[PDB]
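Structural overview
Here's the letter readout for the chains.
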Amino acid sequence: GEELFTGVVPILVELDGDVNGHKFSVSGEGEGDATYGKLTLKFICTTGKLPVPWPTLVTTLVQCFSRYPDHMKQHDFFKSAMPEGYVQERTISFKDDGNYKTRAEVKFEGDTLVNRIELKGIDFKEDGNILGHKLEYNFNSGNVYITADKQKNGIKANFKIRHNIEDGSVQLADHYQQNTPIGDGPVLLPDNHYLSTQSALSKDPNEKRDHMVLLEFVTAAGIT
Ligand SMILES: [Cu+2]
Ligand SMILES: [Mg+2]
């Protein structure tokens with residue numbers, strides 16, 4: 001659980017995706033320091049051009065790195081499931097467009113924290129904001145509202161992401177999420193609270209592959 005996260009932990013992310021028949025893979029590498037809620041990762045589309053905008057994959061591409069204040073430590077489901085880990089499932093509904101369904105397994109492999117994801121996108125509009133690549137390369141501040149799901153010995157979350165459209169508008173992405181432990185050990189089921197995130201997206205000027213450099217800070221809040 002928590003003791004596994006007192007220092008800097010290497011992270012690996014592997015994603016297999018199919019969006020309207022457009023198949024792609026992403027590999028990511030980096031590290032997290034949960035003491036500071038800090039994530040630093042670089043993602044590469046190992047199959048060529050990514051067929052969706054990178055910002056639409058940020059949420060899919062390790063909430064165990066959230067900074068939980070000491071006074072909220074009893075509410076940290078995500079680290080409590082480690083090292084065996086948890087399954088994270090979402091439906092991401094893009095307003096007036098298609099949806100992503102994701103399934104991910106997050107666990108330790110040796111001293112590395114691994115996020116293995118399958119992503120399936122359907123009902124996208126061929127030159128909507130997603131398949132038509134009309135979204136700005138940025139990602140806004142928001143809140144992830146978590147509640148306990150005692151029935152499944154896990155948690156649920158809901159939240160809205162607003163992606164900036166190059167024309168000045170916004171593309172809403174409604175997120176519904178469920179997490180459940182993989183292992184048999186006891187887990188921490190939290191009182192209602194939220195995660196607050198700050199995200200910065202950049203490019204490696206020496207990288208020729210389609211990629212995303214991502215810096216996030218994530219803090220739990222909502223109980224004081
Ligand atoms: Cu994130
Ligand atoms: Mg703008």
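Residues numbered from 1 in each chain as written, not as in the entry; some residues may be left out. Chains lettered and ligands numbered in written order. Heavy atoms only, no water.

Per the deposition metadata, X-ray crystallography was the technique used to determine this entry, at a resolution of 1.50 Å.

Details of the sheet that holds strand 4 (residues 86-94)
Which entries qualify depends on this criterion: Whether two strands pair depends on DSSP finding at least two bridges between them. Helical segments are the DSSP runs of H or I of at least four residues, strand segments are the runs of E of at least two, and each set is numbered from the N terminus. Angles here are taken between N-to-C directions and fall from 0 to 180 degrees, while the axes themselves are lines fitted to C-alpha atoms, restricted in helices to the stretch in contact.
Strand order in the closed barrel made by the eleven strands is 1-2-3-11-10-7-8-9-4-5-6, with mixed pairing throughout. Adjacent strand axes in the sheet meet at a mean angle of 20° when their direction is disregarded. Where strand 7 (residues 142-149) lies against strand 8 (residues 154-164), five bridges are found, and the strand directions are antiparallel. Bridge pairing links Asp149 to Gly154 in strand 8.

Description of the layout of surface pockets
As a reminder of what qualifies: The rule is simple: put a 1 Å grid over the protein atoms alone, call a set of points where a 1.4 Å probe fits but cannot get out a cavity, call an open set with protein on both sides within 12 Å along at least five of seven lines a pocket, and count a residue as lining if it has an atom within 4 Å of a point. Grid points are joined across faces, edges and corners, and a volume is the space filled by probe spheres set on the points. Ten residue types, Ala, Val, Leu, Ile, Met, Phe, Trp, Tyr, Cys and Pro, are classed as nonpolar, four, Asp, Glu, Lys and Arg, as charged, and the remainder, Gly among them, as polar.
Considering only enclosed or pocket space, the largest pocket measures out at about 290 Å³ in volume. Surrounding the largest pocket, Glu2, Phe5, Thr6, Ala34, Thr35, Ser66, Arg67, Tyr68, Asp70, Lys73, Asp76 and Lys79 form its lining. Partitioning the lining of the largest pocket into residue classes produces three nonpolar, three polar and six charged. When its volume is computed, the second largest pocket comes out at roughly 150 Å³. Looking at the second largest pocket, the residues that line it are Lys49, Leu50, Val52, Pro53, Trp54, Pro55, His133, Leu135, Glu136, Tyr137, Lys203 and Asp210. Here the lining of the second largest pocket is composed, by residue class, of seven nonpolar, one polar and four charged.

Looking at the environment of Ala157
Put simply, the rule reads: Contact definition: two residues touch when any of their heavy atoms are within 4.5 Å.
For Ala157, the position within the fold is in strand 8. Sequence separation between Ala157 and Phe78 is 79 residues, and the spatial gap between their C-alpha atoms is 12 Å. Not counting residues up to four positions away in its chain, the partners in contact with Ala157 are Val144, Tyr145, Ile146, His175, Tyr176 and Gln177.

Focus on the pairing of strand 1 (residues 8-19)
Judged from the twelve bridges that link them, strand 1 and strand 2 (residues 22-33) form a sheet pairing that is antiparallel. In the strand pairing of strand 2, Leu15 is matched with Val26. Linkage of strand 1 to strand 2, two consecutive antiparallel strands, is achieved through a turn of two residues, within which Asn20 is found at a positive phi near 50°. Note: strand 1 against strand 6 (residues 112-122), nine bridges, orientation parallel. Its bridge partner lying in strand 6, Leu15 is registered against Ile117.

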